[PDB]
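Let me begin by presenting the structure, written as structure tokens, before commenting on it.
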Amino acid sequence: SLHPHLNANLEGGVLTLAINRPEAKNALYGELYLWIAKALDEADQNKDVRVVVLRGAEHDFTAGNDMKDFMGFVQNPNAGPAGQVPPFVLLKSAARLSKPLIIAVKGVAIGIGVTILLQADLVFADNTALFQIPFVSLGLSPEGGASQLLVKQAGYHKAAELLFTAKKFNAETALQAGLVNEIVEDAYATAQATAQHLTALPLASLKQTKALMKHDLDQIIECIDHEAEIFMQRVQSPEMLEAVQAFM
Amino acid sequence: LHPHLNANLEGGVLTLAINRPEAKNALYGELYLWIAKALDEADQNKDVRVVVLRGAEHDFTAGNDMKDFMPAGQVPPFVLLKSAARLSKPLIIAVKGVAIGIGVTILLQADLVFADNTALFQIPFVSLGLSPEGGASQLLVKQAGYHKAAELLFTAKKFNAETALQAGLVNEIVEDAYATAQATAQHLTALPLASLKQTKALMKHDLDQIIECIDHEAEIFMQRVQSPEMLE
Amino acid sequence: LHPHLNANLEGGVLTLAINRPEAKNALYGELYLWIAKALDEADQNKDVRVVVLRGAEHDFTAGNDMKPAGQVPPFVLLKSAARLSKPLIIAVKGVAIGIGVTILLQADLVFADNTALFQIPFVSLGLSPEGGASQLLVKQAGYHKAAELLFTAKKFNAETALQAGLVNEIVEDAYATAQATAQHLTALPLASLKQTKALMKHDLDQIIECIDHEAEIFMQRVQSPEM
């Protein structure tokens, strides 16, 4: 389906999904998380798509959860299963994509801008990238399976430093922690050349290799869901509501 | 009290400083047990938000007192390791000078570790005719990767702060280890308590299995303790 | 004893050296089986305390010679290396292709020089992982780097291997470093090394199961149109 703030282009088996909400530096709201999730789900069924590239359209990847949206949410929270709240739907859609998923990062990549990297196979950034996992300082808790995936990808000590302190960090830190594969001059051209190289390789080899690497997908999904339950406890906490009420 | 352990609580930060400079903070039975009890009670004390563990002066710990040296899960060093692993609040370690044996394996229970360029690390267990402690045979493989963990465990070599940093034992090498630790501790005491507690509990979802690895290692260790290798 | 494989024991160090330089140490069926058997015997050999495995003067192995899945020879070698109860050290120079990389994941220590040229080419042949790589490389290098090396089938150098944890140290003389390290380890208590390694590889049966699972998939692909 066509929707604002998300451009899709398919050429030579490469599907490029580009977040395009510059007025807000690509902050994500409820329905945009779902539109991105649906596009991933449809790409995986589309026989003309072999590789997906997800990035921003321009100078930023994502400023994270839209704060205006978030404050309306805290005052009227989704009462359904925590795992069906929009950001967890996107993160699971990404985790389950059977085809290679490449992400290219410029500028801000905050919250979900970091945890979605843990669902991608390859990540390229340039030196303008500025990352943060702000969940602790917002009064929230991990999402995207990061309590387990970031410990595995970065090592326990580094994962605890980025999660506990909630600090901003640069591309060299993200590269040392294994969140980014390489820092390059043109993140978007590199992501596109890599995607073209992958479409020239056998689809079945790629699909099977990825399926073996992700043999524990069911447990990853379980981790995302159980995190989501704890995350909603924090979203619904009395202290969160008072703080939003004041702010508003 | 016990003059070998300075404890101090300020602004939510409890600072535990091993103070036995005559023996380079080498540790002996009852002292393992007091540090363990202090960590246990820290977790129960609502005025305590973050613990920092370090040496008082130029050294972290020379490891087990060879004099002191001379149910396996209840032998003192293992008691301290489990109390560290169980602490539900953030635990920061700051390393200067020697950090030997349990001086390294205790770092695998800490959430954040800071060191300066004087730090000198070693896991001598293999060369003492012994075996791993502190869950190192799983925790160090996970933290450093298998190849590097094998290098540190098998060879029993001393290594410096840059090697520890690359293996993920140390978060950052800084000019003033104790000041950096205190500043991080104060930053963490200013953040929401339930957010830090639930984040740590998720990260340590496999705590039961860490305790079982520490206890399994303990049984093996205590057997090696009564072996000709050890004597030689 | 067997064509293209040298073996030397001294001071408790067994050095096995692949010796087929005219072919850049490309491996064929029988040769896989001889290396694997030598590892099986070294483990039963009371006078062996540490094993070094290496290639020829300039190269480790160009990989599988172009010219029950669990019993196909490269998988037998991969499992023999994984089961070896004593320390295994590999020293890498020049080419290290396919098996040349996946065997590093079964060694305890790996030393290379800057001539090393690594590749995992299976995807570009329409095949699939081997060596238990789909799990062991993810654990050793992290998921992103393992994906990069496995999906793209790119050739890569010693610095990239060091960053991926595949290599412990890049050194000037990989054979001398491997020998000095092995001599240090033979001087230490075999009982301590044995028991430390067995704890580190507590999940050995899971490792072997992954190797065999990959093997069955691999052998299907071998009959694919892509291949």
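Order of the sequence lines sets the chain letters (A, B, ...), proteins ahead of strands, with each chain counted from 1. The basis for the numbers below is simple: all heavy atoms, side chains too, and nothing from hydrogens, waters or symmetry mates.
When heavy atoms are compared at a cutoff of 4.5 Å, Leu179(A) approaches chain C solely by way of its backbone atoms N, CA, C and O. The part of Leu198(A) that comes within reach of chain C is its side chain, from C-beta onward, which places non-hydrogen atoms under 4.5 angstrom from that chain. For chain A, no part of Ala133(C) is nearby; none of its heavy atoms comes within less than 4.5 Å. Contact annotation for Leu127(C): only backbone heavy atoms (N, CA, C, O) come within less than 4.5 Å of a heavy atom of chain A. When heavy atoms are compared at a cutoff of 4.5 Å, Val123(C) approaches chain A by way of both its backbone and its side chain.
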- [ ] Take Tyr143(C) and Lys152(A) through the test side-chain contact (heavy atoms from CB on, under 4.5 Å) and record every step on the way to the result.
- [x] CA-CA 8 Å; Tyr143(C) 186 96; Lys152(A) 285 176 193 179; over 6 Å; no
TODO: Apply side-chain contact (heavy atoms from CB on, under 4.5 Å) to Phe151(C) and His197(A), showing your working.
DONE: CA-CA 10 Å; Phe151(C) 287 11; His197(A) 173 56; over 6 Å; no
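Applying the 6.0 Å contact sphere to CD of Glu11(A) captures no more than 12 heavy atoms from other residues, nucleotides or ligands. Around atom CD of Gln219(A), more than 12 heavy atoms belonging to other residues, nucleotides or ligands sit under 6.0 Å away. Counting heavy-atom neighbours within 6.0 Å of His215(A) NE2, excluding the residue itself, gives a total above 12.
The distance from atom CD of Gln208(A) to atom CD of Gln220(C), rounded to the nearest 0.5 Å, is 8.0 Å. A distance of 12.0 Å separates CG of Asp121(A) from OG1 of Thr152(C), quoted to the nearest 0.5 Å.
Annotation for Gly142(C) and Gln153(A): closest pair CA-NE2, 3.6 Å, computed over non-hydrogen atoms. Contact between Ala147(C) and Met213(A) at its shortest, heavy atoms only, is N-CE, 3.6 Å. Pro202(A) and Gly126(C) get closest at one heavy-atom pair: CG-CA, 3.7 Å.
Between chain A and the residues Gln163(C), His144(C), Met227(C), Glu214(C), the most heavy-atom pairs under 4.5 angstrom are made by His144(C). Of the listed residues (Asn181(A), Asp216(A), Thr209(A), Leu201(A)), the one with the most heavy-atom contacts under 4.5 Å to chain C is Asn181(A).
Using a 4.5 Å heavy-atom threshold, the side chains of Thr194(A) and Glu148(C) count as separate.
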